[PDB]
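Structural features, examined
Spelled out, the chains give:
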Amino acid sequence: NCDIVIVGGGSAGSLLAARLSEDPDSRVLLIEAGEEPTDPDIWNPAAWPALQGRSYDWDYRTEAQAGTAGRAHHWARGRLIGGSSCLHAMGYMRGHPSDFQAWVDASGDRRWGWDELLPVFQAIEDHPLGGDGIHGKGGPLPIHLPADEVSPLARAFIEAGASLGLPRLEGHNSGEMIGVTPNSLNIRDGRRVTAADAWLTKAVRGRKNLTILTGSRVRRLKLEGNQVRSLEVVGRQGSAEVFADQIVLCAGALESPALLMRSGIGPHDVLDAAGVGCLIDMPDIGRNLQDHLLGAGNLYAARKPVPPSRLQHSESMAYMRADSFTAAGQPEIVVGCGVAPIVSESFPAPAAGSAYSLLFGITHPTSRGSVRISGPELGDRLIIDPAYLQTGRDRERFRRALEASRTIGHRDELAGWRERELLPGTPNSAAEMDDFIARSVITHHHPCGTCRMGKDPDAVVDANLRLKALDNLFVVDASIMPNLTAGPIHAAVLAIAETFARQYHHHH
Ligand SMILES: Cc1cc2nc3c(=O)[nH]c(=O)nc-3n(C[C@H](O)[C@H](O)[C@H](O)COP(=O)(O)OP(=O)(O)OC[C@H]3O[C@@H](n4cnc5c(N)ncnc54)[C@H](O)[C@@H]3O)c2cc1C
Ligand SMILES: Cc1ncc(CO)c(CN)c1O
């Protein structure tokens, strides 16, 4: 209610609603644009792709991308309690320690380093290796290490990678991320487990100091001096003004910057062009946009029927250096085993069961894009330019990734499954490879960076996640990430939320 308002009930928001309200002297209101879940397919891990295009998916469309053969891309996003966590591939990857070293350099604060994050990840995790001093034990989020249920295709892929020199890992989360392993998953008893499941339990929801408001969109934050004084909330019925002492934005990589721009906080020139009065000129709001790509894909005809995944279809990412299968350290590329024959819209889909794809990507793209509001209204679509493949480094590294994928794909360890390669076949030059890659890449679903945390004067938030231009507004979601982690970012978003919860309880 009165003390703190959380905008957006997604991954970070669900965690915060629970954690902030642990203080009985704190009144917490959670405002979510979507509805509570009712669709049962949501908890079926193997149904995650079918979830897209449904009612609770924002379904943004990017600008045409010159670096991906002029293709425009669809960006699925959760619009319901639990957010993008409902739509997940449910992979759990903390990231690599060096990923977070970059956050430390950017933020000027040690709290964002692997060593300090370690107890934070551990507080979040309920992991089967919990107790080893590295992984968490007894935390709200189950982490599952698949073994028996791993697809024989995925095991064959893992063997192919292992034969090449990649070490065998138990999940990606020990601080060592390069190697071969089934992906760790947020699954318990065969059921997907979301942020909302883990943190917004029946007990938490029963707290008299926690109020959850659904089907309600925050349209503008209203200012008085150097503070946010109230929020304008738009519901199925009409609009209403909500007051608060502290405001935390958890609307995610697209919607957090959009809310700020609608409120007249952002690039003066962007707001002008959107017809929004400028109250605080912050040039970096909406900028620094990053995302991961996967090439869809190194497609193989199967020598025998490919049986449906007993997990989540994309069962094993192999992170590695771009120039060697034996070298250790921070990942540069990734090749993943897709039990489903996944291809972009640029290719015809093979019959089900008849093919599998190896997905290939780069782990730390240097390209940087932007999100801008097109007008003042909730209904005015965002202008999203991820700037995919715009740097020479990103393009060169993706050649390395495709090359790594084909090397793994053609190993004897996969001869039991492989009939022959369907894609890319025979690219005989850099340009031909570049063209196939540009036609094949799709989003890995990890948008972030649009409200970047930094120690420099024009960063959007400081190391405490406070919007630099105001006293009582915080941004606590994927938008603050200075840079992408090597792999999927949900663990990182949750780590961001937990460290902010700890900071709030520490200073109040
Ligand atoms: C299909 C898919 C699969 C994925 N798979 C994985 C995976 O396997 N592993 C992994 O690590 N990551 C994965 N991700 C990414 C991960 O889910 C997100 O990075 C993470 O959930 C980001 O959380 P967040 O709190 O920043 O935003 P979100 O979880 O997206 O939450 C934003 C919430 O705020 C609400 N909201 C937005 N605007 C407003 C407003 N104006 N007023 C009120 N409410 C608002 C939205 O409805 C939403 O509920 C996947 C993403 C997608 C789309
Ligand atoms: C397209 C896609 N494939 C596989 C995975 C497995 O982690 C993810 C999750 N980001 C994904 O988005």
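Residues numbered from 1 in each chain as written, not as in the entry; some residues may be left out. Chains lettered and ligands numbered in written order. Heavy atoms only, no water.

Looking at the entry header, you'll see X-ray crystallography listed as the method and 2.095 Å as the resolution.

Let us look at the packing of helix 9 (residues 392-409) against helix 10 (residues 430-440). Packing of helix 9 against helix 10 brings their axes to within 10 Å, and their N-to-C directions diverge by 85 degrees. As judged from the angle between their axes, helix 9 and helix 10 are roughly perpendicular. Listed contacts from helix 10 to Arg395, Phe398, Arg399, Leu402 and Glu403 of helix 9 are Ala430, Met433, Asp434, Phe436 and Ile437. When grouped by side-chain class, the residues that make up the contact of helix 9 with helix 10 number six nonpolar, no polar and four charged. (Axes fitted to C-alpha atoms, helices over the stretch in contact; angles between N-to-C directions. Helix = DSSP H or I, 4+ residues; strand = E, 2+ residues; numbered from the N terminus. Parallel < 35°, antiparallel > 145°, perpendicular 65-115°, else oblique. Contact = heavy atoms within 4.5 Å. Nonpolar A, V, L, I, M, F, W, Y, C, P; charged D, E, K, R; others polar.)

A sheet is described by the order of its strands in space; here three strands give the open sequence 10-11-12, paired in antiparallel fashion. In the strand order of this sheet, the two ends are held by strand 10 (217-224) and strand 12 (239-243), each with one partner. Strand after strand, the sheet turns through a mean of 30 degrees between neighbouring axes, direction not considered. Both strand 10 and strand 11 (residues 227-234) contribute to a ladder of seven bridges, which runs antiparallel. (Pairing = 2+ DSSP bridges.)

Formed by 139 residues in total, the largest nonpolar core has its most connected members in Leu16, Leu221, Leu231, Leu260 and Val476. Those residues in contact with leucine 16 that lie beyond four places of it in its chain are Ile6, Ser21, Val248, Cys250, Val476, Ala497, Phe500 and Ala501. Membership of the second largest hydrophobic core comes to nine residues, among which are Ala296, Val334, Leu359 and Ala486. (Core = buried A, V, L, I, M, F, W, Y, C linked by side-chain atoms within 4.5 Å. Buried < 20%, exposed > 50% of the residue type's maximum accessible area, 1.4 Å probe, protein only.)

Turning our eyes to something else, we now look at the sheet that holds strand 2 (residues 28-31). Within a sheet, neighbouring strands are paired by backbone hydrogen bonds and run either parallel or antiparallel to one another. Reading across the sheet, the five strands line up as 9-2-1-13-24 and stay open at both edges, with parallel pairing between neighbours. Lying at the two open borders of the sheet, with one neighbouring strand each, are strand 9 (210-213) and strand 24 (473-475). Direction aside, neighbouring strands of the sheet carry axes that sit 15 degrees apart on average. Pairing of strand 2 with strand 9, which is carried by four bridges, proceeds in the parallel orientation.

So, on to the environment of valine 180. Within the secondary structure, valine 180 is located in the loop between helix 4 (152-163) and strand 7 (187-188). When the C-alpha positions of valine 180 and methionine 317 are compared, they lie 7.4 Å apart, and in sequence the two are 137 residues distant. With residues near it in sequence (within four places) discarded, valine 180 still touches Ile158, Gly161, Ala162, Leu166, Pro167, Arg168, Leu169 and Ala318.

Residues in close proximity to ligand 1 total 38 residues, the closest being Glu32, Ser84, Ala89, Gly91 and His490. Within the side chain of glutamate 32, an N or O atom sits 2.6 Å from an oxygen atom of ligand 1. A distance of 2.9 Å separates a nitrogen atom of ligand 1 from a polar atom in the backbone of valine 218. Burial of ligand 1 by the surrounding chains reaches 98%, relative to a free accessible area of 1,000 Å². Broken down by secondary-structure element, the contributors of at least two residues to the shell around ligand 1 are helix 1 (11-20), strand 10, helix 7 (252-262) and helix 11 (490-506). Tallied by class, the residues present in the shell around ligand 1 amount to 17 nonpolar, 14 polar and seven charged. (Near = heavy atom within 4 Å. Polar contact = N/O pair within 3.5 Å; in protein donor to acceptor, adjacent residues only side chain to side chain. Areas by Shrake-Rupley, 256 points an atom, 1.4 Å probe, with all protein chains shown as cover.)

What follows deals with the pattern of salt bridges. Once their charged atoms are close, side chains differing in charge can pair, the charge on each being opposite to the other. Following the criterion strictly, the structure yields 30 salt bridges and no others. With its nearest N and O atoms 2.8 Å apart, the salt bridge here joins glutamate 63 to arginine 381. Residue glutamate 63 is found in the loop between strand 3 (60-61) and strand 4 (74-75), and its partner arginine 381 is found in the loop between strand 20 (370-372) and strand 21 (383-385); the two are separated by 318 residues along the sequence. Judged by its relative accessible area of 26%, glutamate 63 is partly exposed. Overall, the relative accessible area of 48% leaves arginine 381 in the partly exposed class. A salt bridge links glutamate 413 to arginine 411; the nearest nitrogen and oxygen atoms lie 3.3 Å apart. According to the relative accessible area criterion, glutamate 413 is partly exposed, its value standing at 29%. Overall, the relative accessible area of 27% leaves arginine 411 in the partly exposed class. (Salt bridge = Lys/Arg side-chain N within 4 Å of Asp/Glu carboxyl O.)

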